[PDB]
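Chemist: Just dropping in an experimental structure and the matching sequence.
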Amino acid sequence: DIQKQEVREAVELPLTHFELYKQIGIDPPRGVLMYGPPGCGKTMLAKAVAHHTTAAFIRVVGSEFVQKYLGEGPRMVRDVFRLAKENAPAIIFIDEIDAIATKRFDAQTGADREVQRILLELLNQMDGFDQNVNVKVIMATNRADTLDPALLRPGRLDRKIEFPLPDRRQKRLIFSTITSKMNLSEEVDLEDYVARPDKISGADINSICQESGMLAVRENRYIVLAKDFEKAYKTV
Amino acid sequence: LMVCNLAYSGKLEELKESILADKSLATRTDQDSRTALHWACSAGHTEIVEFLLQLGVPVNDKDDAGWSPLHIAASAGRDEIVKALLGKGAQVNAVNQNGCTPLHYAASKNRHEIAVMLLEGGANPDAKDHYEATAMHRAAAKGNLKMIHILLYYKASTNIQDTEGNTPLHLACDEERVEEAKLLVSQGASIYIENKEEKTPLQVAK
Amino acid sequence: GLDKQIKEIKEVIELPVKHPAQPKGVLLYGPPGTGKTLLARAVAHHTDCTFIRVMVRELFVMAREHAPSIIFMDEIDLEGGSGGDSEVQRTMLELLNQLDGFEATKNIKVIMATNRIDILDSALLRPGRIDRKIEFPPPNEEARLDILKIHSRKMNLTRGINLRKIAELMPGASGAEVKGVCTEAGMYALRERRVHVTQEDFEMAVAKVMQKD
């Protein structure tokens, strides 16, 4: 309601204006930051933008750039950034930055120091990527206590979307947005199903309702009920 | 079963012909532990449920969880089904799976007429479920001020402690409904009740 | 309200420029309004010298290959904070051991930045051997009109706007709220689509930046 609204207003509203942003040359901050260790997230919004908007999509699970070759870093991030700035307005979804964002150990091992100096180089590149460029860098993580504030500096990641647990409002509207189209009855409840999923963490609630429709699609039960809702809770 | 599609789809003459062919279909049920009254009430067909209630189908039939058709009459938003079920003697305080009453599902749907009809018949405004929550919690969180006011017409309480310890004023302040907040405070809602989080209604509001 | 810091900083920083001891380091403690980065980057900009911004030992490797330069701890500005911070305090201890040991060229200094008990920890790790003490007072309005002008030369501004009310009518927390009003004024400048230099819409931006304070 405010989470997905911030994802649309922060991602898809300036996305269509890149064809104009190449002309007027005024680029807003592209940094979108998600958070919340209890809630899974990081997939319903990337898929929601992946289906709603028709643009280039470059998803990278984790840190693909941990290759032992120190000189490969600028080639990889330079290739991704050159296909982002040249190929199409690709949306770069960098997830799980906790691995490379914090130094591990063994300072004299100039591999990590050198690739974090490369991280500072591409940091100056994303400083330069605020003017006449079709760049989109959305970011997600689960633990902010180990992240260095260099990436989270004011001016780089200005969209801090918080999602510890799904609030009751998104629960009620995500149940109404699926029971409004499917069959509705009395056994479809919103109070115990707005209170219990607030205690137990559960993602893809809409997909849980669709799987419940896949458990009531047996041509024997015609209206979805709480039996397949709680059964879908204890099974998926 | 067959009466599930004959009831839900609205086959009036086909369901009457099925009942006249075999009287057992009025009480037969599928795996949902529901008879044709639940399907036709869920779909909203008044004539079928007036034929079934005319023959005298037990209105207090519960499913595997304990759901009474009055919850369909309240949640579905069908006033005439409320008139028929309350006319036949439906239980206004029937306990479902989680212990809720049809007043909760009529307040959730913002159906004022169903609230006036159910509360007129002798419903409990302060009925509490397994979570110890009333209709004023969710009606105050969804933004239903007129439902709260017509609940106050029937002497409803405004200081029910939820399973977390919150009150309807807490759920009203969480939604940032300044009209519902100031109105409930003006009506006598205790701003001193603390929940498990030790947050007063003034702290929850921003 | 920053004339004392430039006046006192000219004899400290500007000493090895034309006068040829040389002070090794200096620290500024207080509310981080203005003068922590804008002063080192403004003086380092008018001087036309290099100025790179700023890991517990790898930051000392960067501060080893790039040791001769104007450095300033900007990224970091008792149980785990004294040790985790004491790693960068050790980093600048051996930095002061290099600067105190030998140098390849002049005009090489490092500026510290700390505003909490770690100032007393820095004085616990610095028994008054080689360090300069310059108090960091909160910026006055005179340090806000000129920082709004310098922070307004980049963006297009109309000739009919009154900078006195928008510059003098921002009291309270710190001077970074000026830069925040600039950036938010650019986000509402993109949001509202000012045609060329429209003044009434710039006053609308004044309202949209005064409603958040």
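Modeler: Everything's here; your move. Numbering: from 1, shown residues only, chains lettered A, B, ... in the order given.

Chemist: Now do the contacts for residue A:226.
Modeler: Contacts for residue A:226 (Cβ atoms under 8 Å, 6 or more residues apart in numbering or on different chains) come out as A:187, A:188, A:189, A:193, B:65, B:97. In short, each C-beta sits where N, CA and C put it, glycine included.

Chemist: cool, residue A:123 as well?
Modeler: A:150, A:151, A:156 are the contacts of residue A:123 under Cβ under 8 Å, 6+ apart.

Chemist: so how far is residue A:116 from the first one?
Modeler: In other words, residue A:150. Here residue A:150 is placed at a distance of 10 Å from residue A:116 (Cβ to Cβ, to the nearest Å).

Chemist: neighbour count winner among those two?
Modeler: Neighbour count, other Cβ atoms under 10 Å in any protein chain shown: between residue A:150 and residue A:116, residue A:116 has more, with 22 against 16.

Chemist: re the thing from before, Throw the contacts of residue A:123 into CSV and include secondary structure, thanks.
Modeler: Shown next, in CSV, are those (DSSP: H, G, I helix; E, B strand; the rest coil):
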residue, secondary structure
A:150, coil
A:151, coil
A:156, coil
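
Chemist: which of those are close to chain C?
Modeler: The subset of those within reach of chain C, by Cβ under 8 Å from any Cβ of the partner chain, is residue A:150.

Chemist: so what's residue A:232 closest to, chain neighbours aside?
Modeler: Excluding the flanking residues, the one nearest residue A:232 by Cβ to Cβ, 6 or more residues apart in numbering or on different chains is residue A:212, at 4.5 Å.

Chemist: Summarise which helices and strands the host helix or strand of the one you found is packed against.
Modeler: Residue A:212 is part of helix A:205-215, with elements assigned from DSSP states H and E. Applying 3 or more Cβ pairs under 8 Å, 6 or more residues apart in numbering or on different chains; DSSP states H and E, one finds that helix A:205-215 contacts helix A:168-179, helix A:226-235.

Chemist: Turn the ones you listed into JSON lines, columns for distance to residue B:189.
Modeler: Output for the helices and strands packed on helix A:205-215, formatted as JSON lines (distance: least, Cβ to Cβ, whole Å):
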{"stretch": "helix A:168-179", "distance to residue B:189": "20"}
{"stretch": "helix A:226-235", "distance to residue B:189": "32"}
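
Chemist: Identify whichever of those helices lies nearest to residue C:73.
Modeler: With respect to residue C:73, and counting by Cβ to Cβ, the nearest of the helices and strands packed on helix A:205-215 is helix A:168-179 at 42.2 Å.

Chemist: that older thread, contacting residues around the helix holding residue A:212?
Modeler: With Cβ under 8 Å, 6+ apart as the test, helix A:205-215 has contacts from A:166, A:171, A:174-175, A:177-179, A:182, A:197, A:202, A:224, A:228-229, A:231-233, A:236.

Chemist: Spatially nearest residue to residue A:55, not counting backbone neighbours?
Modeler: residue A:89 (5.2 Å).

Chemist: Name the SS class of the one you found, please.
Modeler: On the three-state scheme (three-state DSSP), residue A:89 is labelled coil.

Chemist: before we move on, what about residue A:33?
Modeler: Here residue A:33 is strand, with the state taken from three-state DSSP.

Chemist: what number of residues lie near it?
Modeler: For residue A:33, using other Cβ under 10 Å, the count is 21.

Chemist: isn't residue C:145 right up against residue C:170?
Modeler: No: the pair residue C:145 and residue C:170 fails to qualify as a contact (Cβ atoms under 8 Å) at a distance of 10.5 Å.

Chemist: Among these two, which residue is more densely surrounded?
Modeler: The neighbour count for residue C:145 versus residue C:170, taken as other Cβ under 10 Å, is higher for residue C:170 (20 against 16).

Chemist: follow-up on the earlier one: quick one: work out the angle between the helix holding residue A:212 and helix A:226-235.
Modeler: In terms of direction (axes from the mean of the first three to the mean of the last three Cα atoms, to 10 degrees), helix A:205-215 departs from helix A:226-235 by 120 degrees.

Chemist: Where does chain B get nearest to chain A, which residue?
Modeler: Nearest residue of chain B to chain A (Cβ to the nearest Cβ) works out as residue B:71 at 3.6 Å.

Chemist: who touches that residue in this structure?
Modeler: Counted by Cβ under 8 Å, 6+ apart, residue B:71 has contacts A:186, B:94, B:96, B:100, B:102, B:105.

Chemist: residues in contact with the first one?
Modeler: Residue A:186 is in contact with B:38, B:42, B:67, B:69, B:71, B:72, B:74, B:75, B:76, B:96, B:105, counting by Cβ under 8 Å, 6+ apart.

Chemist: distance of it from residue B:62?
Modeler: Taking Cβ to Cβ, one finds residue A:186 at 11 Å from residue B:62.

Chemist: Now the helix holding residue A:212: buried residues?
Modeler: For helix A:205-215, burial by neighbour count (16 or more other Cβ atoms under 10 Å in any protein chain shown) applies to A:205, A:208, A:209, A:211, A:212, A:215.

Chemist: Skipping adjacent residues, who's closest to residue 44 in space?
Modeler: Looking at chain A here, since you left the chain open. Nearest residue to residue A:44 in three dimensions, chain neighbours excluded: residue A:204, at 6.3 Å (Cβ to Cβ, 6+ apart).

Chemist: not what I meant, chain C
Modeler: residue C:51 (3.7 Å).

Chemist: surely the one you found meets residue C:39?
Modeler: No: contact between residue C:51 and residue C:39 fails when scored by Cβ under 8 Å: they sit 11.1 Å apart.

Chemist: With neighbour numbers in mind, choose between these two.
Modeler: The neighbour comparison of residue C:51 against residue C:39 (other Cβ under 10 Å) goes to residue C:39, with 19 against 16.

Chemist: residue contacts, the more buried one?
Modeler: C:2, C:5, C:6, C:9.

Chemist: Tell me how far it lies from chain A.
Modeler: 19 Å (Cβ to the nearest Cβ, to the nearest Å).

Chemist: and what of residue C:9?
Modeler: Applying Cβ to the nearest Cβ, the value for residue C:9 to chain A is 25 Å.

Chemist: what's whichever helix or strand that residue is part of packed up against?
Modeler: Per DSSP H and E: residue C:9 is located in helix C:3-13. Packing partners of helix C:3-13 (3+ Cβ pairs under 8 Å, 6+ apart): helix C:38-46.

Chemist: Run the angle between the helix it packs on and helix C:3-13 for me.
Modeler: Going by the same axes, to 10 degrees, helix C:38-46 makes 50 degrees with helix C:3-13.

Chemist: returning to that earlier point: out of the contacts of residue C:39, which two are the most distant from each other?
Modeler: Farthest apart among the contacts of residue C:39 - using Cβ to Cβ - are C:2 and C:9, which lie 9.5 Å from each other.

Chemist: Residue of chain A nearest chain B, please.
Modeler: Going by Cβ to the nearest Cβ, chain B is nearest to residue A:186 of chain A, at 3.6 Å.

Chemist: roughly how far apart are the nearest residue to that residue once chain neighbours are set aside and residue B:41?
Modeler: Among residues not flanking residue A:186 along the chain, residue B:71 sits closest, at 3.6 Å (Cβ to Cβ, 6+ apart). Per Cβ to Cβ, residue B:71 is found 10 Å from residue B:41.

Chemist: can you tell me the helix or strand for the residue of chain B found nearest chain C?
Modeler: As assessed by Cβ to the nearest Cβ, chain C sits closest to residue B:206 within chain B, at 14.9 Å. Using DSSP H and E, residue B:206 falls within no helix or strand.

Chemist: hang on, the earlier thing: which residues touch the residue nearest to residue A:44?
Modeler: A:40, A:43, A:44 are the contacts of residue A:204 under Cβ under 8 Å, 6+ apart.

Chemist: correct me, but the last one touches residue A:203?
Modeler: Yes: counting by Cβ under 8 Å, residue A:203 is a contact partner of residue A:44 at 7.2 Å.

Chemist: Now a ChimeraX select for only the buried ones of the contacts of residue B:71.
Modeler: To isolate the buried members of the contacts of residue B:71 in ChimeraX, using 16+ other Cβ under 10 Å:
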select /A:186 /B:94,96,100,102,105
